[PDB]
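Encoded as C-alpha cells, the structure appears first; notes follow it.
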Amino acid sequence: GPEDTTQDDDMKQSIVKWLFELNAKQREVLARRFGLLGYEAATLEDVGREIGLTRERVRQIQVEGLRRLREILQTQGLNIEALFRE
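Here the numbering used here is used: position 41 in the sequence shown is 45, and no number is missing along the way.
Quick look at the structure:
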C-alpha cells in the first residue's frame, strides 16, 4: 500500500523513511545490525566502526529505536518484527 508495499526484509525500505523522521541513524542502525538494505550484519564493534561511532551507538540507538519505529509501521499496517525476522 503506502511507502513500504514490500513487507519483507526489504521492509527496511519503509524504515528508510524513518531516516527522514528521526535521523539517518535509525535507518542505518537496524540495517547494519540485521544486514538489511544491502547493509552488512556485524558485531557491535564492527558495525560501530563502519559508521565511525561506538558499538553502543549502532546497537543501543537501534534498541531504543525499536520502540518508536513501530509507530510509522503500525500506521501503514507494517510490523517492525519483520526487520529482525530472519
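Beta carbons are placed, not taken as given, at the ideal position from N, Cα and C, and that holds for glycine.
Return the CA-CA distance between residue i and residue j, expressed in angstroms with no decimal places.
i, j, result
"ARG71", "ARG53", "24 Å"
"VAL51", "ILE84", "20 Å"
"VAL67", "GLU75", "15 Å"
"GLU49", "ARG59", "5 Å"
"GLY81", "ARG63", "25 Å"
Give me, in chain order, the residues of the same chain whose beta-carbon lies closer than 7 Å to that of residue i; leave out the 5 immediate sequence neighbours on both sides.
i, result
"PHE88", "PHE38"
Closer than 6 Å by C-beta to residue i: which residues in its own chain qualify, once you throw out the five before and the five after it? Chain order, please.
i, result
"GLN30", "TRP22 and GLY69"
What span of residues does the alpha helix (DSSP H) with residue i cover, start to end?
i, result
"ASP50", "48-55"
"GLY5", "Taken as a continuous stretch (DSSP letters only), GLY5 belongs to no alpha helix (DSSP H), as it is neither H nor E."
Any idea if residue i is buried or exposed, counting beta-carbon neighbours within 10 angstroms, 16 or more meaning buried?
i, result
"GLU32", "buried"
"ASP14", "exposed"
What did DSSP end up calling residue i once you bin it into helix, strand or coil?
i, result
"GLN80", "coil"
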